[PDB]
Each structure stands twice: as C-alpha cells, then as structure tokens.
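What follows is a short report on a single structure.
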Amino acid sequence: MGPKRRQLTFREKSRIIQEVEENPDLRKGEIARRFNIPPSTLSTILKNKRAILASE
C-alpha cells in the first residue's frame, strides 16, 4: 500500500516504464493500473522515461 491513487517513488516508477513501454500493443493506462495506478503519473513518466533515468 503506497501509490495506487496518484503518484509513487522514482525507484518503483522505473519498473513501471519497463512494463509499460515493453508491450507495443497493450494500453498505457490499462498497464498502469494493472500493477500500480491510472494513466495520471505513468503517462507523463512514459514520455520522459529516459530523462528520469538519464543520471543512472
């Protein structure tokens, strides 16, 4: 119990980008709530996913 509503931590957010961009034919919002939350914070982190993991 933590996110499941609006946002989450940058560490688990990276895992979301790996399971949301890997599937080329699945929904972005559906995949988000599938293991985390709606397409609210997962939609913005899906476009700049490389910008958040740029430091590495």
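If you go along the chain as it appears here, the first residue is 1 and each next one adds 1.
Header says: solution NMR.
Every residue gets a Cβ built from N, Cα and C, even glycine.
Noted in Swiss-Prot for the protein shown:
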DNA_BIND  28-48  DNA-binding region
DOMAIN    2-52  domain 'HTH psq-type'
MOD_RES   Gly2  N,N,N-trimethylglycine
MOD_RES   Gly2  N,N-dimethylglycine
MOD_RES   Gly2  N-methylglycine
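Remark: secondary structure over the DNA-binding region (28-48) totals 15 helix, 0 strand, 6 coil, with classes taken from DSSP. In the structure as shown, the Cβ atom of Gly2 (N,N,N-trimethylglycine) sits within 10 Å of 10 other Cβ atoms.
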